[PDB]
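In: using only what follows, build the 3D model:
(chains A and B, ligands or ions: 6)
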Protein chains: 2
Amino acid sequence: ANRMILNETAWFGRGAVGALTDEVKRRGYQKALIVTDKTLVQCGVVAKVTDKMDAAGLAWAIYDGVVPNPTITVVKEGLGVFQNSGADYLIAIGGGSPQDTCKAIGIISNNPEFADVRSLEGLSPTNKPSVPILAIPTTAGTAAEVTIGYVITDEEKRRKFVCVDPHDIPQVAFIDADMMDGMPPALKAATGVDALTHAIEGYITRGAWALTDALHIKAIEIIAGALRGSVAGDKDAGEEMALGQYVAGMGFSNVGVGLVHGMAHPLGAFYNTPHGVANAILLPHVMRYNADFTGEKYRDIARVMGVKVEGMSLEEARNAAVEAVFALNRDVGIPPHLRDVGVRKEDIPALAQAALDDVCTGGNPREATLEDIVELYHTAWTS
Amino acid sequence: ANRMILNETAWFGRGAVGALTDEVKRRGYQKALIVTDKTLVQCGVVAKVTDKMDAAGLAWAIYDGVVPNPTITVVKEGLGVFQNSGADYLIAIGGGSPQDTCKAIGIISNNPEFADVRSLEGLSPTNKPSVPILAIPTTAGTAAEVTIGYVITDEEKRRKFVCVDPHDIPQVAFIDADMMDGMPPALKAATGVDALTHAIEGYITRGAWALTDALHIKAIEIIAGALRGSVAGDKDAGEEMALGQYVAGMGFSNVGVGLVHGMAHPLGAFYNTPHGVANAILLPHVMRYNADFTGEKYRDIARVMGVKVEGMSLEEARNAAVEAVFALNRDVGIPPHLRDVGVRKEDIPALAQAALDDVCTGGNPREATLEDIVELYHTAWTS
Ligand SMILES: Nc1ncnc2c1ncn2[C@@H]1O[C@H](COP(=O)(O)OP(=O)(O)OC[C@H]2O[C@@H](O)[C@H](O)[C@@H]2O)[C@@H](O)[C@H]1O
Ligand SMILES: Nc1ncnc2c1ncn2[C@@H]1O[C@H](COP(=O)(O)OP(=O)(O)OC[C@H]2O[C@@H](O)[C@H](O)[C@@H]2O)[C@@H](O)[C@H]1O
Ligand SMILES: COc1ccc(CC(N)=O)cc1OC
Ligand SMILES: COc1ccc(CC(N)=O)cc1OC
Ligand SMILES: [Fe+3]
Ligand SMILES: [Fe+3]
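Out: Residues are numbered from 1 along each chain as shown, chains lettered A, B, ... in the order given. Ligands and ions are numbered 1, 2, ... in the order given. Sharing the structure here:
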């Protein structure tokens, strides 16, 4: 028997944030804490929301202390600001980093036992729902607005840990490509292939079933078709990417992912590597590694990614789907090897250990050994 | 900007009702009123739930006063039983009739200004969320467990009225084919083609967009592929039907349907016709009427319904999709003509008026006139 956690309410398309003032008035909320980062404030992205809230007469304080790969320190700082703001709800504005930080604050606020943060790892045994969250992504992205997962960095144990908890699901998501247009091309490409990694990994994960298969294959189709266009700055392509990344979240949240995310998390913890860039470099190599344990699913991936698989053997089709991902990586300007983003050969043993102990690795369709992950890192490292 | 209302939590597959006791304990609810009908009690379908609740020690009273095409009288009776039960939440067990009745009780309970019931018609301006509903369907399917819509019969004005309200969305849906297996073949076929009508109408509705298109086309594929098998009594086909009917609900709830539902509602009000039988007889005739206003969408329908469209013109493909639905109706034992279920030529003028004033008619891709609907009824009436 399979469980689906989704957003009760979500708005999609350009101008979707225009619905926020109305959703807040419907629920009777009094004051927001906006969780965001400094970049989004001084790009005027936060202003696009706070201007509408001022016009609607809705009170808000702001915490913009979030950094890429949010730390336990960041979570504690924000939790402190939330308590002193007298706010009764949360508005996450940004990529995975502010949205994951927002979820941590929301959970600990109503489950104060978890103030240390690192005790949220795995299936968080929280008694109480999160402080209500309204989620507004600015990356096409991590689907943080719809997933029941969030990833915090333990600076002292030098690892990223996943917390999975139905209590952290946002009440409303606003998926507005107007909020995402300010992404630099490199960021559109990184977060774009993070979305594709969620969809491919989710499609082949051990817990996969009919409904998540249907969602993931549609998300791969939307992302493969739109990402080149979005990175180039096309407006309609940006709107497609915004939807594609969300539809991936509806799936992988509820069944899981695999060794790509398992091997990407240690890279973030060790080097502060952008999550999408780590994922994008590993994805094709892990896809090749997983090929023989995926049944017919690489034929479907290859097809919706624009490959003619009419009269291909299964191994030829599996190779074609891997090659489709290498090509898309090349076109959107992602460095092809881990060496290129500052990963060090010396660390691979330690990284392979952390990858094997990651929550995401358990979902991988092929049972990965330390020997295998060490070899994968080395394959992804070279040149 | 498009809004999606979905279930925050849902369980799918045989044994899914096994998750109900746990969901109730998580939320801290004290006593249920089970809304159902007499048939489901004395078929032991309700027992499959209440036995698990007794084992978990969870209190419940029962209202089984629901009849096909539930009336304002039924709603008032149930609202009375709810008030005298001291219950704090609702469990809907049955098809569209109990589930729609449950939503009416839940809404009026917390929005008591709507005690007349008929003032819920259209976009219900309710201030308060429904009394929490846990939804367990026993038909395949009206998708009442996931839609924000419900249909009540006004005995005094002899018309069915649709109420659309995000506040009525159930907290949890349990989609268990074990609960649906006792459906007689005729009921599997009726509710089966009601699910197909939701998917086809939803696919071509005026408000249709990318995400609902993706959901509806997958639901048509699941239903076309499984309905003959389910009517024959196949267990796995019943499980597919259970998912297919739900996936249709995820779409049509959020964008609407068309003139099939518009023309089916008056038939229920006048003759107490089973909703699915009325829908199934009208669907192919309304599909023909709509054909020129649907873009490429009948090519997609035809394809996922098992028709080879590789080298077909658009008009030939549109004709093939209409013929696919006539054939599926023939195979599951739905008669071709409205005369066959007791519709009277004398009433067509009155029925055409009621159809034009139905909420669902506004979604129809071709703007329907009274003259047109009169002609459609006559076309659907006899050969
Ligand atoms: N619209 C935007 N315009 C400009 N800069 C932006 C925009 N959105 C985000 N940025 C900037 O991009 C950088 C990356 O932001 P993140 O929130 O880290 O982006 P994302 O890739 O969505 O998040 C990754 C995070 O999600 C988790 O799942 C994962 O483990 C990782 O911690 C930051 O400097 C942020 O301010
Ligand atoms: N598993 C089952 N086994 C046997 N009989 C069943 C089962 N489930 C339902 N029934 C019986 O089928 C008959 C029809 O039940 P409904 O609830 O009316 O069926 P459904 O088609 O799901 O609902 C139609 C209603 O919903 C609205 O969408 C529509 O406008 C109409 O009011 C009733 O006698 C009911 O007891
Ligand atoms: C285990 O599944 C997950 C793995 C990673 C994340 C964070 C992310 N968006 O990449 C969320 C998850 O869902 C619970
Ligand atoms: C207007 O849309 C609807 C019309 C009819 C129903 C009930 C049904 N299942 O036929 C639900 C709806 O969604 C809000
Ligand atoms: Fe990710
Ligand atoms: Fe219906």
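In: distance between the ends of stretch A:284-295?
Out: One end of stretch A:284-295 to the other measures 17 Å (CA to CA, to the nearest Å).
In: swap that for stretch A:119-128, please
Out: Across its full length, stretch A:119-128 reaches 15 Å end to end, with CA to CA as the criterion.
In: how about whichever residue of the stretch 1-150 of chain A sits closest to ligand 3, nearest residue that isn't a chain neighbour?
Out: Across the stretch 1-150 of chain A, no residue is closer to ligand 3 than residue A:149, which sits at 2.6 Å (CB to the nearest ligand atom). No exception for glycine: its C-beta is placed from N, CA and C like everyone else's. Closest residue to residue A:149 apart from its sequence neighbours, by CB to CB, 6 or more residues apart in numbering or on different chains: residue A:164 at 5.1 Å.
In: quick one: contacts for that neighbour?
Out: With contact set as CB atoms under 8 Å, 6 or more residues apart in numbering or on different chains, residue A:164 has these partners: A:122-124, A:148-149, A:359.
In: residues in the stretch 51-200 of chain A within reach of chain B, list them.
Out: Within the stretch 51-200 of chain A, the positions near chain B by CB under 8 Å from any CB of the partner chain are A:166, A:169, A:176.
In: hmm, stretch A:65-77 in reach of ligand 1?
Out: Yes. Figure legend: stretch A:65-77 in contact with ligand 1 (CB under 6 Å from any ligand atom); contacting residues A:68-69.
In: ranges for the strands of chain A?
Out: Secondary structure of chain A (DSSP state E): strands located at A:2-5, A:9-12, A:31-35, A:59-63, A:89-94, A:122-123, A:133-137, A:149-154, A:159-164, A:172-175.
In: for those, which one sits closest to ligand 4?
Out: Closest approach to ligand 4 among the strands of chain A (CB to the nearest ligand atom): strand A:9-12, 14.4 Å.
In: can you put the residues of the stretch 51-200 of chain A next to chain B in a markdown table and add neighbour count?
Out: Below are these laid out as a markdown table (neighbours: other CB atoms under 10 Å in any protein chain shown):
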| residue | neighbour count |
| --- | --- |
| A:166 | 17 |
| A:169 | 23 |
| A:176 | 25 |
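In: setting the sequence-adjacent residues aside, check what's closest to residue A:95.
Out: The spatially closest residue to residue A:95, leaving aside those adjacent along the chain, is residue A:139, at 3.5 Å (CB to CB, 6+ apart).
In: where's the nearest residue to residue A:212 once chain neighbours are set aside relative to residue B:344, distance?
Out: When the adjacent residues along the chain are set aside, residue A:212 lies closest to residue A:251, with 4.0 Å between them (CB to CB, 6+ apart). Note on residue A:251: its distance to residue B:344, by CB to CB, to the nearest Å, is 49 Å.
In: same check, this time on residue A:369
Out: Looking at residue A:369 against residue B:344, where the rule is CB to CB, the gap reads 74 Å.
In: for the residue nearest to residue A:95, what are its contacts?
Out: When contacts are counted by CB under 8 Å, 6+ apart, residue A:139 touches A:94-96, A:180, A:183, A:187, A:191, A:245.
In: apply 10 Å and report the result again.
Out: A:94-99, A:179-180, A:183, A:187-188, A:190-192, A:194-195, A:241-242, A:245, A:275-276 (CB atoms under 10 Å, 6 or more residues apart in numbering or on different chains).
In: cool, residue A:51 as well?
Out: Contacts here follow CB under 10 Å, 6+ apart; on that basis residue A:51 touches residue A:44.
In: next: residue A:22.
Out: Neighbours of residue A:22 in contact, by CB under 10 Å, 6+ apart: A:11, A:56.
In: still on that earlier bit, make JSON lines out of the contacts of residue A:164 and add neighbour count.
Out: Written out in JSON lines, the entries for the contacts of residue A:164 read as follows (neighbours: other CB under 10 Å):
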{"residue": "A:122", "neighbour count": "12"}
{"residue": "A:123", "neighbour count": "12"}
{"residue": "A:124", "neighbour count": "18"}
{"residue": "A:148", "neighbour count": "21"}
{"residue": "A:149", "neighbour count": "23"}
{"residue": "A:359", "neighbour count": "20"}
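In: in CSV, list those residues along with distance to residue B:221.
Out: Putting these into CSV (distance: CB to CB, whole Å) gives the following:
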residue, distance to residue B:221
A:122, 36
A:123, 34
A:124, 37
A:148, 28
A:149, 29
A:359, 33
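In: among those residues, which one lies nearest to residue B:230?
Out: The shortest distance between residue B:230 and any of the contacts of residue A:164, using CB to CB, involves residue A:148 and amounts to 32.1 Å.
In: from what I can see the closest one touches residue A:166, true?
Out: Yes. With contact defined as CB atoms under 10 Å, residue A:148 counts as touching residue A:166 (5.2 Å).
In: quick check: neighbours shared by those two?
Out: Residues touching both residue A:148 and residue A:166 by CB under 10 Å, 6+ apart: A:3, A:5, A:123-124, A:253.
In: could those be laid out in TSV, adding distance to ligand 4?
Out: Supplementary listing: these in TSV, determined by distance: CB to the nearest ligand atom, whole Å:
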residue	distance to ligand 4
A:3	24
A:5	22
A:123	35
A:124	35
A:253	25
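In: and the residue nearest the centre of chain A?
Out: Central residue of chain A (CA atoms, centre = their mean): residue A:142, 2.0 Å from the mean position.
In: so how far is residue A:100 from that one?
Out: Here residue A:142 is placed at a distance of 8 Å from residue A:100 (CB to CB).
In: buried set for stretch A:365-383?
Out: By 16 or more other CB atoms under 10 Å in any protein chain shown, the buried positions in stretch A:365-383 come out as A:365-366, A:368, A:373-374, A:376-377, A:379-381.
In: one step back: quick one: contacts for the residue nearest to residue A:212?
Out: Residues in contact with residue A:251, defined by CB under 10 Å, 6+ apart, are A:4, A:143, A:146-147, A:198-199, A:201-203, A:205, A:208-209, A:211-219, A:257.
In: show the buried residues in those.
Out: Neighbour counting by 16+ other CB under 10 Å classes A:4, A:143, A:146-147, A:198-199, A:201-203, A:205, A:208, A:211-219, A:257 among the contacts of residue A:251 as buried.
In: which residues does the nearest residue to residue A:270 once chain neighbours are set aside contact?
Out: In space, residue A:270 comes closest to residue A:347 once its chain neighbours are excluded; the distance is 6.0 Å by CB to CB, 6+ apart. Residues in contact with residue A:347, defined by CB under 10 Å, 6+ apart, are A:266-267, A:270-271, A:354, A:377.
In: columns distance to residue A:56 on top of the residues you listed, output as CSV?
Out: Compiled in CSV, the contacts of residue A:347 are given as follows (distance: CB to CB, whole Å):
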residue, distance to residue A:56
A:266, 44
A:267, 42
A:270, 44
A:271, 42
A:354, 46
A:377, 50
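In: need the residues of the stretch 201-350 of chain A near ligand 1, please.
Out: Neighbours of ligand 1 within the stretch 201-350 of chain A, by CB under 6 Å from any ligand atom: A:275-276.
In: over to the stretch 1-150 of chain A?
Out: By CB under 6 Å from any ligand atom, the residues of the stretch 1-150 of chain A that approach ligand 1 are A:37, A:39-40, A:43, A:45, A:68-69, A:94-98, A:100, A:138-139, A:141-142.
In: now the shared contacts of residue A:148 and residue A:166 in a markdown table, with distance to residue B:105?
Out: Putting the shared contacts of residue A:148 and residue A:166 into a markdown table (distance: CB to CB, whole Å) gives the following:
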| residue | distance to residue B:105 |
| --- | --- |
| A:3 | 27 |
| A:5 | 26 |
| A:123 | 35 |
| A:124 | 35 |
| A:253 | 32 |
